[PDB]
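A.B. asks: Okay, so here is coords.csv, and as you'll see once you scroll down, it has CSV, C-alpha atoms and all ligand atoms.
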```csv
chain,number,residue,atom,x,y,z
A,1,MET,CA,44.5,-11.7,-88.3
A,2,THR,CA,48.0,-10.2,-88.7
A,3,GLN,CA,47.3,-7.8,-91.6
A,4,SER,CA,49.4,-5.0,-90.0
A,5,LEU,CA,51.9,-7.5,-88.8
A,6,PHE,CA,52.6,-8.3,-92.5
A,7,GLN,CA,53.0,-4.7,-93.6
A,8,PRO,CA,56.6,-3.7,-94.5
A,9,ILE,CA,58.4,-0.9,-92.5
A,10,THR,CA,61.3,1.4,-93.0
A,11,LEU,CA,64.1,1.1,-90.5
A,12,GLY,CA,66.6,3.9,-91.3
A,13,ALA,CA,67.9,3.3,-94.8
A,14,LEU,CA,66.4,-0.2,-94.8
A,15,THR,CA,63.0,-1.4,-95.9
A,16,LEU,CA,61.9,-4.5,-93.9
A,17,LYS,CA,59.6,-7.1,-95.3
A,18,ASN,CA,57.2,-7.2,-92.3
A,19,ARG,CA,56.8,-6.2,-88.6
A,20,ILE,CA,58.1,-9.4,-87.1
A,21,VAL,CA,61.4,-9.4,-85.2
A,22,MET,CA,63.5,-12.4,-84.2
A,23,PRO,CA,64.7,-10.9,-80.8
A,24,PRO,CA,68.2,-11.5,-79.4
A,25,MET,CA,68.6,-15.0,-78.1
A,26,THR,CA,71.7,-16.5,-76.5
A,27,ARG,CA,72.2,-20.0,-77.7
A,28,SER,CA,75.8,-20.5,-76.6
A,29,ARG,CA,76.9,-22.4,-79.7
A,30,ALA,CA,80.0,-20.4,-80.4
A,31,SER,CA,83.1,-22.3,-81.5
A,32,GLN,CA,85.9,-23.0,-79.0
A,33,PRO,CA,88.4,-21.8,-78.4
A,34,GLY,CA,87.8,-18.2,-79.2
A,35,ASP,CA,84.0,-17.8,-78.8
A,36,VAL,CA,83.6,-17.6,-82.6
A,37,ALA,CA,80.3,-17.4,-84.5
A,38,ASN,CA,80.2,-20.3,-86.9
A,39,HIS,CA,78.5,-22.4,-89.6
A,40,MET,CA,75.7,-23.8,-87.6
A,41,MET,CA,74.8,-20.3,-86.3
A,42,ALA,CA,74.8,-19.0,-89.9
A,43,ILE,CA,72.4,-21.8,-90.9
A,44,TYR,CA,70.3,-21.1,-87.7
A,45,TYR,CA,69.8,-17.4,-88.5
A,46,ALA,CA,69.4,-17.9,-92.3
A,47,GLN,CA,66.6,-20.4,-91.5
A,48,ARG,CA,64.8,-17.6,-89.8
A,49,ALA,CA,65.4,-14.9,-92.3
A,50,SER,CA,61.7,-14.5,-93.2
A,51,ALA,CA,61.6,-12.2,-90.1
A,52,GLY,CA,61.5,-8.6,-91.0
A,53,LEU,CA,64.5,-8.0,-88.7
A,54,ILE,CA,66.9,-10.4,-86.9
A,55,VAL,CA,68.7,-9.2,-83.8
A,56,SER,CA,71.6,-11.4,-83.0
A,57,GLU,CA,72.1,-13.1,-79.6
A,58,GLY,CA,74.1,-11.0,-77.2
A,59,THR,CA,77.7,-10.8,-78.4
A,60,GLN,CA,80.3,-9.6,-75.8
A,61,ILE,CA,82.3,-6.5,-76.6
A,62,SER,CA,85.4,-7.7,-74.6
A,63,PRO,CA,86.7,-10.6,-72.6
A,64,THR,CA,85.2,-9.2,-69.4
A,65,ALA,CA,81.8,-8.4,-70.9
A,66,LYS,CA,80.8,-12.1,-71.1
A,67,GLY,CA,78.3,-13.7,-68.8
A,68,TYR,CA,77.6,-17.2,-70.1
A,69,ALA,CA,79.7,-20.0,-71.5
A,70,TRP,CA,80.2,-20.2,-75.3
A,71,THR,CA,78.5,-17.0,-76.3
A,72,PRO,CA,80.1,-15.4,-79.4
A,73,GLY,CA,82.3,-12.4,-79.1
A,74,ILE,CA,82.7,-9.4,-81.5
A,75,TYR,CA,86.1,-8.1,-80.6
A,76,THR,CA,88.7,-10.4,-82.3
A,77,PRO,CA,89.4,-10.6,-86.0
A,78,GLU,CA,88.2,-14.2,-86.1
A,79,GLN,CA,85.0,-13.3,-84.2
A,80,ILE,CA,84.3,-10.6,-86.8
A,81,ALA,CA,84.9,-13.1,-89.6
A,82,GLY,CA,82.6,-15.7,-88.0
A,83,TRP,CA,79.8,-13.2,-87.8
A,84,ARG,CA,80.5,-12.3,-91.4
A,85,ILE,CA,79.5,-15.9,-92.4
A,86,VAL,CA,76.3,-15.3,-90.5
A,87,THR,CA,75.5,-12.0,-92.0
A,88,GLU,CA,76.3,-13.2,-95.5
A,89,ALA,CA,74.0,-16.2,-95.1
A,90,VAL,CA,71.2,-14.0,-93.7
A,91,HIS,CA,71.6,-11.4,-96.4
A,92,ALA,CA,71.5,-14.1,-99.1
A,93,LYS,CA,68.0,-14.8,-97.8
A,94,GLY,CA,67.0,-11.1,-97.9
A,95,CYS,CA,66.7,-9.9,-94.3
A,96,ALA,CA,68.3,-7.2,-92.1
A,97,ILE,CA,70.3,-8.2,-89.1
A,98,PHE,CA,71.6,-6.2,-86.1
A,99,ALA,CA,74.3,-7.3,-83.7
A,100,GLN,CA,73.3,-7.0,-80.0
A,101,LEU,CA,76.4,-5.6,-78.3
A,102,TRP,CA,76.7,-7.0,-74.8
A,103,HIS,CA,78.3,-6.2,-71.5
A,104,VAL,CA,76.8,-8.2,-68.7
A,105,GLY,CA,78.4,-6.3,-65.9
A,106,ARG,CA,77.8,-8.2,-62.6
A,107,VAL,CA,75.7,-10.9,-64.2
A,108,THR,CA,78.6,-13.3,-64.7
A,109,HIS,CA,81.1,-15.5,-62.9
A,110,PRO,CA,84.9,-15.3,-62.9
A,111,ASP,CA,85.1,-18.5,-64.9
A,112,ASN,CA,83.6,-16.7,-67.9
A,113,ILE,CA,85.8,-13.7,-67.7
A,114,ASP,CA,89.3,-15.1,-67.3
A,115,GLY,CA,89.1,-15.3,-63.6
A,116,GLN,CA,88.5,-11.5,-63.3
A,117,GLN,CA,86.1,-10.0,-60.8
A,118,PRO,CA,82.9,-8.8,-62.5
A,119,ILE,CA,82.4,-5.0,-62.8
A,120,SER,CA,79.2,-3.0,-62.1
A,121,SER,CA,77.9,0.4,-61.2
A,122,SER,CA,78.4,-0.6,-57.6
A,123,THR,CA,79.5,-3.5,-55.4
A,124,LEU,CA,76.0,-4.9,-55.2
A,125,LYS,CA,75.6,-8.6,-56.1
A,126,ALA,CA,72.6,-9.5,-58.3
A,127,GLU,CA,70.4,-11.4,-55.8
A,128,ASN,CA,69.0,-14.8,-56.7
A,129,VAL,CA,70.7,-14.9,-60.1
A,130,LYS,CA,72.7,-17.6,-61.8
A,131,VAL,CA,74.6,-17.8,-65.0
A,132,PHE,CA,76.3,-20.9,-66.5
A,133,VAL,CA,79.9,-21.8,-67.1
A,134,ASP,CA,82.0,-24.4,-69.0
A,135,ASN,CA,83.0,-27.2,-66.5
A,136,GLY,CA,84.9,-29.7,-68.6
A,137,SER,CA,81.7,-31.1,-70.3
A,138,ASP,CA,79.2,-30.1,-72.9
A,139,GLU,CA,76.4,-29.2,-70.5
A,140,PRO,CA,75.9,-25.7,-69.0
A,141,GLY,CA,77.0,-25.6,-65.4
A,142,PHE,CA,74.8,-23.2,-63.5
A,143,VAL,CA,76.5,-21.2,-60.8
A,144,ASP,CA,75.7,-18.2,-58.6
A,145,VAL,CA,76.9,-14.9,-59.8
A,146,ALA,CA,79.9,-13.2,-58.1
A,147,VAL,CA,80.1,-9.9,-56.1
A,148,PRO,CA,81.2,-7.2,-58.5
A,149,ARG,CA,83.7,-4.3,-58.0
A,150,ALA,CA,82.4,-0.8,-58.8
A,151,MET,CA,83.6,0.8,-62.0
A,152,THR,CA,86.1,3.6,-61.9
A,153,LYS,CA,86.1,6.6,-64.3
A,154,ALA,CA,88.8,4.7,-66.3
A,155,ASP,CA,86.7,1.6,-66.4
A,156,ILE,CA,83.8,3.7,-67.8
A,157,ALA,CA,86.0,5.2,-70.5
A,158,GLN,CA,87.3,1.7,-71.4
A,159,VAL,CA,83.8,0.2,-71.7
A,160,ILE,CA,82.6,3.1,-73.8
A,161,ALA,CA,85.7,2.5,-76.0
A,162,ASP,CA,84.9,-1.2,-76.2
A,163,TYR,CA,81.3,-0.5,-77.2
A,164,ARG,CA,82.4,2.0,-79.8
A,165,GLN,CA,84.9,-0.4,-81.4
A,166,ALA,CA,82.4,-3.3,-81.2
A,167,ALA,CA,80.0,-1.2,-83.3
A,168,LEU,CA,82.7,-0.7,-85.9
A,169,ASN,CA,83.5,-4.4,-85.7
A,170,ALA,CA,79.8,-5.2,-86.3
A,171,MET,CA,79.8,-3.1,-89.5
A,172,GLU,CA,83.0,-4.8,-90.6
A,173,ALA,CA,81.2,-8.1,-90.0
A,174,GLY,CA,78.4,-7.0,-92.4
A,175,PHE,CA,75.7,-6.3,-89.8
A,176,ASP,CA,73.1,-3.7,-90.8
A,177,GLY,CA,73.3,-2.1,-87.4
A,178,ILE,CA,73.7,-2.8,-83.7
A,179,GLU,CA,71.3,-3.1,-80.8
A,180,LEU,CA,72.7,-1.9,-77.5
A,181,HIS,CA,71.7,-4.4,-74.7
A,182,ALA,CA,70.8,-1.9,-72.0
A,183,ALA,CA,68.2,-4.3,-70.6
A,184,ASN,CA,67.6,-7.5,-68.6
A,185,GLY,CA,69.8,-6.5,-65.7
A,186,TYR,CA,73.1,-6.2,-67.5
A,187,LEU,CA,75.8,-3.5,-67.2
A,188,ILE,CA,74.0,-0.4,-68.4
A,189,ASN,CA,70.8,-1.5,-66.7
A,190,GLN,CA,72.9,-1.8,-63.5
A,191,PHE,CA,73.4,2.0,-63.8
A,192,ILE,CA,69.9,2.9,-64.9
A,193,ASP,CA,67.9,1.2,-62.1
A,194,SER,CA,68.0,2.9,-58.8
A,195,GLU,CA,68.3,-0.1,-56.5
A,196,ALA,CA,71.3,-1.4,-58.4
A,197,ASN,CA,73.2,1.8,-58.4
A,198,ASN,CA,74.6,3.2,-55.2
A,199,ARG,CA,77.2,5.4,-56.8
A,200,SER,CA,77.9,8.9,-55.3
A,201,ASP,CA,79.6,10.3,-58.4
A,202,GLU,CA,78.0,11.7,-61.5
A,203,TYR,CA,76.9,8.2,-62.6
A,204,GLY,CA,74.5,7.7,-59.7
A,205,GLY,CA,72.6,9.9,-57.2
A,206,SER,CA,69.9,11.4,-59.6
A,207,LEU,CA,67.8,10.3,-62.6
A,208,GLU,CA,70.1,12.3,-64.9
A,209,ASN,CA,73.2,10.7,-63.3
A,210,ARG,CA,71.7,7.2,-63.6
A,211,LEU,CA,71.0,7.7,-67.3
A,212,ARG,CA,74.5,9.2,-67.9
A,213,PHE,CA,76.3,6.0,-68.8
A,214,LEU,CA,73.5,5.0,-71.2
A,215,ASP,CA,73.7,8.5,-72.7
A,216,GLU,CA,77.5,8.4,-73.2
A,217,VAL,CA,77.6,4.9,-74.6
A,218,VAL,CA,74.8,5.7,-77.1
A,219,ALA,CA,76.6,9.0,-78.1
A,220,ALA,CA,79.7,6.9,-78.9
A,221,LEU,CA,77.8,4.3,-80.8
A,222,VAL,CA,76.0,7.0,-82.9
A,223,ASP,CA,79.3,8.8,-83.4
A,224,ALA,CA,80.8,5.6,-84.7
A,225,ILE,CA,78.2,4.2,-87.1
A,226,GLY,CA,75.3,6.6,-87.3
A,227,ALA,CA,72.0,6.9,-85.5
A,228,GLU,CA,70.2,5.1,-88.3
A,229,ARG,CA,72.2,2.0,-87.4
A,230,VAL,CA,71.7,2.1,-83.7
A,231,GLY,CA,68.9,0.5,-81.7
A,232,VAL,CA,68.7,0.2,-78.0
A,233,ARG,CA,67.0,-2.4,-75.8
A,234,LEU,CA,65.5,-1.5,-72.4
A,235,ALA,CA,63.6,-3.5,-69.7
A,236,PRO,CA,61.6,-1.1,-67.6
A,237,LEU,CA,59.6,-3.5,-65.4
A,238,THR,CA,61.2,-6.9,-65.4
A,239,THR,CA,63.6,-7.6,-62.6
A,240,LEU,CA,64.6,-11.2,-63.0
A,241,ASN,CA,68.3,-10.6,-63.3
A,242,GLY,CA,68.4,-8.4,-60.2
A,243,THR,CA,67.8,-4.8,-61.3
A,244,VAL,CA,64.9,-2.9,-59.8
A,245,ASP,CA,64.1,0.8,-60.3
A,246,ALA,CA,62.0,2.7,-57.7
A,247,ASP,CA,60.1,4.8,-60.2
A,248,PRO,CA,60.4,3.0,-63.5
A,249,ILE,CA,57.7,5.0,-65.3
A,250,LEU,CA,59.7,8.2,-64.7
A,251,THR,CA,63.1,6.6,-65.3
A,252,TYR,CA,62.1,4.8,-68.5
A,253,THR,CA,59.9,7.5,-70.0
A,254,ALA,CA,62.9,9.8,-69.4
A,255,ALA,CA,65.3,7.2,-71.0
A,256,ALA,CA,63.0,6.9,-74.0
A,257,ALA,CA,63.0,10.7,-74.4
A,258,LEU,CA,66.8,10.8,-74.1
A,259,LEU,CA,67.2,8.1,-76.7
A,260,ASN,CA,64.8,10.0,-78.9
A,261,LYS,CA,67.1,13.0,-78.7
A,262,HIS,CA,69.9,10.7,-80.1
A,263,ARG,CA,67.6,9.8,-82.9
A,264,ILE,CA,68.3,6.1,-82.5
A,265,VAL,CA,66.6,4.1,-85.2
A,266,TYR,CA,64.6,1.9,-82.9
A,267,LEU,CA,63.8,1.3,-79.2
A,268,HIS,CA,63.2,-2.3,-78.2
A,269,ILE,CA,61.3,-3.0,-75.0
A,270,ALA,CA,61.9,-6.4,-73.4
A,271,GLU,CA,58.4,-6.8,-71.9
A,272,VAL,CA,58.9,-10.3,-70.5
A,273,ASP,CA,62.0,-12.1,-69.5
A,274,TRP,CA,61.4,-15.9,-69.1
A,275,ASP,CA,58.5,-16.1,-66.7
A,276,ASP,CA,58.9,-12.5,-65.4
A,277,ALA,CA,55.9,-10.9,-67.0
A,278,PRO,CA,55.0,-7.8,-65.0
A,279,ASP,CA,51.9,-5.8,-65.8
A,280,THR,CA,52.9,-3.2,-68.3
A,281,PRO,CA,50.1,-0.6,-68.3
A,282,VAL,CA,48.9,0.6,-71.7
A,283,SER,CA,49.1,4.2,-70.4
A,284,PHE,CA,52.8,3.6,-69.8
A,285,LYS,CA,53.2,2.1,-73.3
A,286,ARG,CA,51.4,5.1,-74.8
A,287,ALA,CA,53.7,7.4,-72.9
A,288,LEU,CA,56.7,5.6,-74.3
A,289,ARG,CA,55.2,6.0,-77.8
A,290,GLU,CA,55.2,9.8,-77.3
A,291,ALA,CA,58.6,9.9,-75.6
A,292,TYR,CA,60.3,8.0,-78.4
A,293,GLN,CA,59.2,8.5,-81.9
A,294,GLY,CA,61.3,6.1,-84.0
A,295,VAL,CA,60.5,2.4,-84.6
A,296,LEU,CA,59.2,0.9,-81.4
A,297,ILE,CA,59.6,-2.8,-80.9
A,298,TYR,CA,58.2,-5.0,-78.1
A,299,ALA,CA,58.9,-8.6,-77.3
A,300,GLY,CA,57.5,-10.9,-74.6
A,301,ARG,CA,54.8,-13.6,-74.7
A,302,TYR,CA,53.3,-12.2,-77.9
A,303,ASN,CA,51.1,-14.3,-80.1
A,304,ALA,CA,49.6,-13.4,-83.5
A,305,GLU,CA,46.5,-11.7,-82.0
A,306,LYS,CA,48.4,-9.7,-79.3
A,307,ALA,CA,51.0,-8.6,-81.8
A,308,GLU,CA,48.5,-7.4,-84.3
A,309,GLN,CA,46.5,-5.6,-81.6
A,310,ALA,CA,49.6,-3.9,-80.2
A,311,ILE,CA,50.4,-2.5,-83.7
A,312,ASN,CA,46.8,-1.5,-84.5
A,313,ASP,CA,46.4,0.2,-81.1
A,314,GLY,CA,49.4,2.3,-81.9
A,315,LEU,CA,51.6,0.9,-79.2
A,316,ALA,CA,54.2,-0.8,-81.3
A,317,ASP,CA,55.6,-0.8,-84.8
A,318,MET,CA,57.2,-4.2,-84.7
A,319,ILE,CA,56.9,-7.2,-82.4
A,320,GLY,CA,59.5,-9.8,-81.5
A,321,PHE,CA,58.7,-13.5,-80.9
A,322,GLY,CA,61.5,-15.2,-79.1
A,323,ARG,CA,60.8,-18.7,-77.9
A,324,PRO,CA,58.4,-19.3,-80.8
A,325,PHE,CA,61.2,-18.4,-83.3
A,326,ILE,CA,63.5,-21.0,-81.7
A,327,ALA,CA,61.1,-23.8,-82.5
A,328,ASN,CA,59.6,-22.4,-85.7
A,329,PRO,CA,62.1,-21.3,-88.3
A,330,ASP,CA,59.2,-20.3,-90.5
A,331,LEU,CA,57.3,-18.6,-87.7
A,332,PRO,CA,56.1,-15.7,-90.0
A,333,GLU,CA,54.4,-18.1,-92.4
A,334,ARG,CA,52.8,-20.0,-89.5
A,335,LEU,CA,51.5,-16.8,-87.8
A,336,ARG,CA,50.1,-15.6,-91.2
A,337,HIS,CA,48.3,-18.9,-91.9
A,338,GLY,CA,47.5,-19.8,-88.3
A,339,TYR,CA,49.5,-23.0,-88.6
A,340,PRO,CA,50.2,-24.6,-85.2
A,341,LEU,CA,53.5,-23.7,-83.6
A,342,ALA,CA,56.0,-26.3,-82.5
A,343,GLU,CA,57.3,-25.7,-78.9
A,344,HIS,CA,61.0,-25.4,-78.1
A,345,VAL,CA,62.9,-27.9,-75.9
A,346,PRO,CA,64.5,-26.1,-72.9
A,347,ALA,CA,67.3,-28.6,-72.6
A,348,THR,CA,68.8,-27.6,-75.9
A,349,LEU,CA,68.5,-23.8,-75.6
A,350,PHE,CA,72.1,-23.5,-74.5
A,351,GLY,CA,75.3,-25.3,-75.6
A,352,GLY,CA,75.6,-28.4,-77.7
A,353,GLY,CA,75.4,-28.3,-81.5
A,354,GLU,CA,72.8,-28.5,-84.2
A,355,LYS,CA,70.3,-30.5,-82.3
A,356,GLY,CA,67.7,-28.1,-81.0
A,357,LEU,CA,69.2,-25.3,-83.1
A,358,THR,CA,68.9,-26.0,-86.8
A,359,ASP,CA,66.8,-29.2,-86.8
A,360,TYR,CA,63.4,-27.7,-86.0
A,361,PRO,CA,61.5,-28.3,-89.3
A,362,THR,CA,59.4,-25.9,-91.3
A,363,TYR,CA,55.7,-26.6,-91.2
A,364,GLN,CA,54.4,-29.6,-93.1
A,365,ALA,CA,50.7,-30.5,-93.0
A,401,LIG,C1,67.3,-19.0,-75.2
A,401,LIG,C2,67.0,-17.5,-74.8
A,401,LIG,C3,68.1,-16.7,-74.8
A,401,LIG,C4,68.0,-15.2,-74.6
A,401,LIG,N1,69.1,-14.4,-74.8
A,401,LIG,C5,68.9,-13.1,-74.8
A,401,LIG,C6,69.9,-12.2,-75.3
A,401,LIG,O1,71.2,-12.7,-75.7
A,401,LIG,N2,69.7,-10.8,-75.3
A,401,LIG,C7,68.4,-10.2,-75.0
A,401,LIG,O2,68.3,-9.1,-74.9
A,401,LIG,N3,67.4,-11.1,-74.6
A,401,LIG,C8,67.6,-12.4,-74.5
A,401,LIG,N4,66.5,-13.3,-74.4
A,401,LIG,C9,65.1,-12.7,-74.2
A,401,LIG,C10,64.4,-12.6,-75.6
A,401,LIG,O3,65.0,-11.7,-76.5
A,401,LIG,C11,62.9,-12.2,-75.4
A,401,LIG,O4,62.8,-10.8,-75.0
A,401,LIG,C12,62.2,-13.1,-74.4
A,401,LIG,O5,62.4,-14.5,-74.7
A,401,LIG,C13,60.7,-12.8,-74.4
A,401,LIG,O6,60.0,-13.1,-75.7
A,401,LIG,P1,59.2,-14.4,-75.9
A,401,LIG,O7,58.2,-14.5,-74.8
A,401,LIG,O8,58.6,-14.2,-77.3
A,401,LIG,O9,60.2,-15.5,-76.0
A,401,LIG,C14,66.6,-14.7,-74.4
A,401,LIG,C15,65.4,-15.7,-74.4
A,401,LIG,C16,65.7,-17.0,-74.8
A,401,LIG,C17,64.3,-17.8,-74.7
A,402,LIG,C1,74.6,-22.5,-101.9
A,402,LIG,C2,74.4,-23.4,-100.7
A,402,LIG,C3,75.6,-23.3,-99.8
A,402,LIG,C4,75.4,-24.3,-98.6
A,402,LIG,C5,76.7,-24.1,-97.7
A,402,LIG,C6,76.5,-25.1,-96.6
A,402,LIG,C7,77.8,-25.0,-95.8
A,402,LIG,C8,77.7,-26.0,-94.6
A,402,LIG,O1,79.0,-25.9,-93.9
A,402,LIG,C9,79.0,-26.9,-92.9
A,402,LIG,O2,78.0,-26.7,-91.8
A,402,LIG,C10,78.1,-27.7,-90.8
A,402,LIG,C11,77.0,-27.4,-89.8
A,402,LIG,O3,75.7,-27.5,-90.4
A,402,LIG,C12,79.5,-27.7,-90.1
A,402,LIG,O4,79.5,-28.7,-89.1
A,402,LIG,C13,80.6,-27.9,-91.2
A,402,LIG,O5,81.9,-27.9,-90.7
A,402,LIG,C14,80.4,-26.9,-92.3
A,402,LIG,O6,81.4,-27.1,-93.3
```
Represent the structure from my file as structure tokens, please.
Ligand SMILES: Cc1cc2nc3c(=O)[nH]c(=O)nc-3n(C[C@H](O)[C@H](O)[C@H](O)COP(=O)(O)O)c2cc1C
Ligand SMILES: CCCCCCCCO[C@@H]1O[C@H](CO)[C@@H](O)[C@H](O)[C@H]1O
C.D. replies:
Amino acid sequence: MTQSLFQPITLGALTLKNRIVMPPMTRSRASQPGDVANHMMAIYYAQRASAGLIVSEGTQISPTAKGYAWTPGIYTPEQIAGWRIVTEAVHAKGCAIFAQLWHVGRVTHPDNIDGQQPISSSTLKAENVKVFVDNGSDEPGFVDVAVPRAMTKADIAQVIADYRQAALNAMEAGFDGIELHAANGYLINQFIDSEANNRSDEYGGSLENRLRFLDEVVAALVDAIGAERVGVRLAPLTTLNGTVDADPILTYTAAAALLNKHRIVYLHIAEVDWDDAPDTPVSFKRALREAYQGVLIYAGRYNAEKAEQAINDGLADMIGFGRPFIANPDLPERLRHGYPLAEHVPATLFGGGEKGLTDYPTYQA
């Protein structure tokens, strides 16, 4: 019935209104040129500010961290200012918002990163994966990803520096914190998962080595803005974007414990990615609950009943609703009352303008 779902919760120095999270969702509406967050995005997020916490769509930390056309960056002064319009709008509505810092690694195409070859833990191409690019028209052009080059020690230092600076930029933009996207097959995930990492140096070769990049990036983020303002997203079992780990229960319980040592403010588990909804054993969820003792968030095909159950069973503290939030700006109100949920239109998820972004109405009987 959602009683627990509508209980407030403390997140670091913040006190959130409820346990509902608007998870990070790329909409590719950033202004061109410059990939700048804008007015329509500010309206879009403000319309959904009844969530307890909003996590922004992935925002690239550098020119070569981008994987899809028209996603907003968080590395130029103008990009920071664009995000400020968004955070000001969201804060005016009374809501906390974290910026999801993104580096896609090999899940991109040269067209999206100034013609550069993508980087990854190794030279392994993500199999059966596509991204989209700008092709002289306002419709996403889907293309196969490219074969990446393996990161050097210098590349690793550079990316850590880019993440660190992006966190400071997020604070300058008025965000309440940042979420490290270490999930859904992107760069950090390309180091964590065994089948995506063939490195022979200290960043591959053992569980400790595979978690090293995550460890170092998180250490830098925490050093920059404080553990209370750092959340991290992981995807233990989904494999849609090409990353598979041989022993995910061990790898991810270890990762959860490692992140717990950093005292990150929340751990966010991406339980489903599109239609990739692998069985996620309750025993595993309970192990994660013991390994990481901060705020635990899950997202992936949840409805009101399942969300309430997960919280009451002690598996999660907050639950994210992605697709439902796209089509229902007043999703919390609808979940609480049991009002029917509008469904989103796939064709307007990416690119375009306000249509399919800010024109989904609030519920009206
Ligand atoms: C339009 C779209 C874009 C997404 N972009 C991202 C993103 O930028 N970062 C991220 O971590 N997950 C991304 N996701 C995944 C969602 O955050 C969420 O985990 C997923 O949709 C599962 O939840 P749901 O079943 O409630 O929609 C995206 C999903 C949608 C539907
Ligand atoms: C106190 C109420 C303040 C409302 C401020 C609304 C500002 C709207 O701003 C407008 O948003 C449009 C997209 O929706 C953009 O296309 C316009 O260029 C932009 O000026």
A.B. asks: Would you compute the distance between CA of residue 113 in chain A and atom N2 of ligand LIG 401 (chain A)? Give it in Å to one decimal.
C.D. replies: 18.0 Å
A.B. asks: Taking only C-alpha atoms and all ligand atoms into account, which residues are within 7 Å of ligand LIG 401 (chain A), as a list in words?
C.D. replies: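 Final answer, ordered by chain and number: residues 23, 24, 25, 26, 27, 57, 58, 181, 183, 184, 233, 270, 271, 272, 273, 274, 299, 300, 301, 302, 320, 321, 322, 323, 324, 349 and 350 of chain A.
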A.B. asks: Residues of chain A that have any atom at most 7 Å from an atom of ligand LIG 402 (chain A): could you tabulate them with the shortest-distance atom pair and the distance in Å to one decimal, using only C-alpha atoms and all ligand atoms, ordered by chain and increasing number, as JSON lines?
C.D. replies:
```
{"residue": "A:39", "atom": "CA", "partner": "A:LIG402", "partner_atom": "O2", "distance": 4.9}
{"residue": "A:40", "atom": "CA", "partner": "A:LIG402", "partner_atom": "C11", "distance": 4.4}
{"residue": "A:43", "atom": "CA", "partner": "A:LIG402", "partner_atom": "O3", "distance": 6.6}
{"residue": "A:354", "atom": "CA", "partner": "A:LIG402", "partner_atom": "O3", "distance": 6.9}
```
A.B. asks: Can you work out the spacing between CA of residue 249 in chain A and CA of residue 191 in chain A in Å, to one decimal?
C.D. replies: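 Calculated distance between CA of residue 249 in chain A and CA of residue 191 in chain A is 16.1 Å.
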A.B. asks: Write out as a PDB file with C-alpha atoms, in the coordinates of the input which residues come within 7 Å of residue 109 in chain A when counting all atoms listed in the file, dropping same-chain ones fewer than 4 positions away.
C.D. replies:
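Ended up saving to part_15.pdb:
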```pdb
ATOM      1  CA  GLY A  67      78.300 -13.700 -68.800  1.00  0.00           C
ATOM      2  CA  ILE A 113      85.800 -13.700 -67.700  1.00  0.00           C
ATOM      3  CA  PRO A 118      82.900  -8.800 -62.500  1.00  0.00           C
ATOM      4  CA  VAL A 145      76.900 -14.900 -59.800  1.00  0.00           C
ATOM      5  CA  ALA A 146      79.900 -13.200 -58.100  1.00  0.00           C
TER       6      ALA A 146
END
```
A.B. asks: Report the distance between CA of residue 16 in chain A and CA of residue 51 in chain A in Å, rounded to one decimal place.
C.D. replies: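 Result for CA of residue 16 in chain A versus CA of residue 51 in chain A: 8.6 Å, one decimal.
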A.B. asks: Please check which residues have atoms at most 6 Å from (63.3, -1.0, -63.2) in the file's coordinates, counting all atoms listed in the file, and write them as a list in words.
C.D. replies: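 Those within range, by chain then number, are residues 193, 236, 237, 244, 245 and 248 of chain A.
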A.B. asks: Ranking A:330, A:289, A:50, A:251 by minimum distance to residue 310 in chain A and counting only C-alpha atoms, which one comes first?
C.D. replies: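 Closest residue, counting only C-alpha atoms: A:289.
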A.B. asks: List the spatial neighbours of range 223-229 of chain A as number ranges by chain - criterion: any atom at most 7 Å away, all atoms listed in the file, same-chain residues fewer than 4 positions off excluded.
C.D. replies: A: 12, 164, 167-168, 176-178, 219, 262-265
A.B. asks: Go through A:317, A:64, A:353, A:123 one by one, measure the shortest atom-to-atom distance of each to residue 11 in chain A using all atoms listed in the file, and give the residue with the smallest value.
C.D. replies: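 Among A:317, A:64, A:353, A:123, it is A:317 that comes nearest to residue 11 in chain A.
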A.B. asks: For residue 7 in chain A, which of A:318, A:256, A:53, A:230 is the closest residue, counting only C-alpha atoms?
C.D. replies: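 Nearest to residue 7 in chain A: A:318.
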A.B. asks: Identify, on the basis of all atoms listed in the file, every residue whose closest approach to residue 157 in chain A does not exceed 12 Å; exclude the query and any residue fewer than 4 positions from it along the same chain; express the result as a PyMOL selection string.
C.D. replies: chain A and resi 151-153+161-164+213+216-217+220
A.B. asks: Looking at only C-alpha atoms, which of A:360, A:83, A:298, A:142 is the one that sits closest to residue 175 in chain A?
C.D. replies: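 Ranked by minimum distance to residue 175 in chain A, first place goes to A:83.
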A.B. asks: With all atoms listed in the file as the atoms that count, which of A:221, A:21, A:129, A:327 lies nearest to residue 143 in chain A?
C.D. replies: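 Residue with the minimum atom-to-atom distance to residue 143 in chain A: A:129.
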A.B. asks: Quick one: everything within 9 Å of residue 114 in chain A, counting all atoms listed in the file, minus sequence neighbours fewer than 3 positions away in the same chain. Send it as a PyMOL selection string.
C.D. replies: chain A and resi 63-64+110-111+117
A.B. asks: Hey, which of A:149, A:17, A:29, A:268 ends up closest to residue 59 in chain A? Count only C-alpha atoms.
C.D. replies: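 Checking each of A:149, A:17, A:29, A:268 against residue 59 in chain A, counting only C-alpha atoms, the winner is A:29.
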A.B. asks: When you look at range 68-72 of chain A with a cut-off of 7 Å (counting only C-alpha atoms), what residues show up, excluding the ones that are within fewer than 5 positions of it in the same chain? I need them as a PyMOL selection string.
C.D. replies: chain A and resi 26+28-30+35-37+59-60+108+112+131-134
